[PDB]
């Protein structure tokens, strides 16, 4: 059974460096080309570098030349990516993947990805801003309440309603990064409209990286 | 008066294509099938393709299938062969012909045929090597001077003696293709032997395809 | 130019190796070298044949 | 340096239907092309490599071919597990380039959103800024947008948008579109409005407010 | 795909004689057979089509018939202009195949050729190889060969040949036969000789030379 496992991601501030490792099992390294690929959040895949295990020769993407170094070790049956002089621009989910010879072949086995997040704001707990429902007639007789979960760092934040009891009718955004250096995501609950004055609707935003949570009650407002 | 006139032959290198045409006169195409037949130099005949002019249905020799396409045009009263993916193995004189029904009937009339040639040596003008007469007695008291016309491409070449003035007593060979990728043929002039030291014997090789000629003086050698 | 097959014991049916033998029968307008066995039948004794 | 063009950006087809996704190279790429299938939260899975070789573990529904310079990835019949973003890659030249990704959608019955507007409140405006927020909830298909108007004129260059992911059973999602104004700009206009448009809406939903409402 | 056998490979007959050439098909070909006549330097002309139909512009001398599976082609009286190669084509099942083709000879008085030898010259030997040439000129019938000897032993596997077309009035021809030796092999043998044999030669023509001679 062929498996590869990536590790070593984390949060490193601008001007620093980060080492990623990937180990193989079920097959050898010799005769194979090991590659690293990055995926900035919200973006597609970008190739970084490749090394031929039985060569020692490498190839790099133009966008990473002078900053990203690739290497491999056949005694260990592992491979590494050395990223130097890191910037906020380097935020990405990093992946290891394998190919053949020195190229001419695409990647076959892929890792799941390890996220490193860098911005001007190294960490913050979230806060929540409520959004009032429509007070007018709607299609289907339904209505919704929502909130904006704002200014936290790093992502992920798990969002649910009624302190985590309400998942039914819950829809949330992937977070995006703002000018503040912090992340934000919207969240809503859709129910038959009479339920908005009956059920409890408290946004529960869970942010493990800061050891905090926000419990914010969202309710109908007069208008 | 019934006529078939072929046109469009020429020299096409491997990987290219050549379009052949054949006009009909004195008869229509409708009700008849039209065919093309191939004759490689030094070989007998092989059929390439056929079309029924009034149906549009065709058949191809298995050996040319996928490369040689046959069509006909009853408004113009002409027919065509589109030969693609040409190789040096496809060089031949190409003939146009007509027949009745899809088959079960022979061909009534063929055109004269247009020649296509290809080689590893795409073209070359000729050169000539002399051949000495015997110094010993001969039957009839006659003798001859000769030469070898070598390394030219494509065939035909016209070969004559005394710069083209001497045709009497002239005997020549058809050219054959050599391992050089080029053609060669020998030639002699037989006269009473005392004439070999009196008359001029210059081999005149005329090669229209390369725009060149060879003027080669053949003389008795000491022996 | 050549590469080995990933013929693993864990492969599913579409990736298992299969051996293929193709028997091609060549007939030319020539004496048939691969010939001789005109259909024969079994012997039957004590009956009119 | 080979550049990839992948098309369409999205494709909508139901389970049991046939799907074709194409990718083109700017130059010859030999047989260096590969295709991948990626579901949310997971590693891309290799489908096809070396132009037409199916990869072990990939359903037999996947196949492909080339005509001229155009390569096509085909799913002969979609299964519930074939709804993923598909990608092309070539490894003929360096840098090696990935395509943009084609998102395949379930082609569910189309429906209009529940719509609410949140005009800037008096408490919100304490920041010295204003933010007008329009939400489109629980609707289908994936493609939808909001066009904002001010004093019945179209707005441009002053808005932001983001969406939810799609529901695991119905593939519905919600969309938010907002306007950013300083409080000073909020005060310069009287009427704000959200125009909602998408495939399932025969008449765009228009909601509006005067400044100072709510 | 029906294969044709044409027979005899060659026929000899004088002018005014009756000539029959036959063709046999490996399978049924209906009445799809065509008869062609080819002269040196010319395209094959059609004589007969669809087994028995005469082509326009063809002398009435050309006729034929079928008995069982045997197709017979007849020239009622040969003229000097009929000494040409003949072929059969079967246009029934495609691919359409033709027979080998056969020749007709004039039966002229038989005579031996003028025979010359060209020992390898000093100039030819500059190539690092040697070429010994025996040329038989202006003789008859069409069939003749040259047997080479080296140091009076019969030679084999070290020779090449070329033969020309027959003369329009006398049907004579010339024959070229050569030996290929590396220069190094030329240096190892003292005596070379050409032995000419055919029907008009009562005593084989033998011509010879010593290495380095002429």
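Miscellaneous remarks
- Seen through its C-alpha gyration tensor, with square-root eigenvalues sorted a ≥ b ≥ c, chain B comes out prolate because a/c lies at 1.5 or above while a/b is bigger than b/c.
- In percent, rounded to a whole number, the relative contact order of segment E:33-92 is 38, using alpha-carbon pairs under 8 Å and six or more apart.
- Label-reachable residues, segment B:164-178, where backbone N falls under 13 Å from a point 7 Å from residue B:158's Cα toward its Cβ: B:164-167
- Placing a label point 7 Å from the Cα of residue D:66 along the Cα-to-Cβ direction, the distances to the matching points in the other copies come to 5.1 nm, shortest first.
- Using the Cβ-Cβ distance between residue A:167 and residue D:15 with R0 set to 30 Å, the FRET efficiency from 1/(1 + (r/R0)^6) comes to roughly 0.70.
- Debye intensity ratio in log₁₀ form over the Cα atoms of segment D:4-106, taken at each q of 0.14, 0.15, 0.22, 0.24 Å⁻¹: -0.47, -0.55, -1.21, -1.43
- Teacher prompt: residue A:123 distances to equivalent labels in other copies, 7 Å Cα→Cβ, nm: 8.1
- Taking all Cα pairs closer than 8 Å and separated by 6 or more residues, the relative contact order of segment D:4-106 comes to 38 percent.
- Cα centroid of segment B:31-58 to Cα centroid of segment A:42-66, whole Å: 57 Å
- The mean number of Cβ atoms from other chains found within 10 Å of a Cβ in peptide B:105-117 is 6, as a whole number.
- For segment A:3-118, the relative contact order is 35 percent, taking Cα pairs closer than 8 Å that sit 6 or more residues apart in sequence and dividing their mean separation by the residue count.
- Kirkwood hydrodynamic radius of the protein assembly as shown, from inverse mean 1/r over distinct Cα pairs, in Å: 37.2 Å
- Segment A:3-118 shape via C-alpha gyration tensor axes, a/c threshold 1.5: prolate
- Put the Cα centre of segment A:145-223 next to the Cα centre of segment E:2-58 and the gap is 96 Å.
- Rounded FRET efficiency, nearest 0.05, which uses the C-beta distance separating residue D:3 from residue B:65 and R0 of 45 Å: 0.75
- Order of B:188, D:191 - criterion: other Cβ atoms within 10 Å of each residue's Cβ, fewest first: D:191, B:188
- Placing a label point 7 Å from Cα along the Cα-to-Cβ direction at residue B:54 gives distances to the equivalent points in the other copies of 6.8 nm, listed shortest first.
- Computed packing ranks the peptides B:79-85, A:30-36 as A:30-36, B:79-85, most packed first, by mean other Cβ atoms within 10 Å.
- Bridge type composition, the protein assembly as shown - antiparallel percent by DSSP, nearest 5: 95 percent
- Shielding by partners for peptide A:60-69, expressed as the average number of C-beta atoms from other protein chains within 10 Å of each residue's C-beta, is 1.
- Note on the protein assembly as shown: helix-only mean residue ellipticity at 222 nm, from DSSP H runs of 4+ residues weighted -39500 (n - 2.57) and normalised by residue number, equals 0 deg cm²/dmol.
- Measuring from the axis that maps chain A onto chain B, the chain A residue with the nearest beta carbon and its rounded distance in angstrom come out as A:65, 1.
- FRET efficiency estimate (nearest 0.05) - Cβ-Cβ, residue B:82 to residue C:7, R0 56 angstrom: 0.80
- The chain E residue nearest the rotation axis shared with chain D, using its Cβ and rounding the distance to whole Å, is E:93, 1.
- Per-residue shielding of A:188-196, expressed as the average number of other chain Cβ atoms within 10 Å of the residue Cβ, stands at 2.
- Cβ-based exposure ranking for D:96, E:75, E:2, in which fewest neighbours within 10 Å come first: E:2, E:75, D:96
- Segments B:116-123, B:92-99 sorted - mean Cβ within 10 Å per residue, highest first: B:92-99, B:116-123
- Ranked for footprinting exposure by Cβ neighbours inside 10 Å, fewest first, C:26, A:6 give C:26, A:6.
- From the Kirkwood radius over Cα pairs of segment A:127-218, Stokes-Einstein at 4 °C and 1.567 mPa s returns a whole-number translational diffusion coefficient of 96 µm²/s.
Reconstructed Cβ throughout: ideal geometry from the backbone, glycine too, with neighbour counts over all protein chains shown. Quick note: the coordinates plus some simple rules give every number you see, no bench work behind them.
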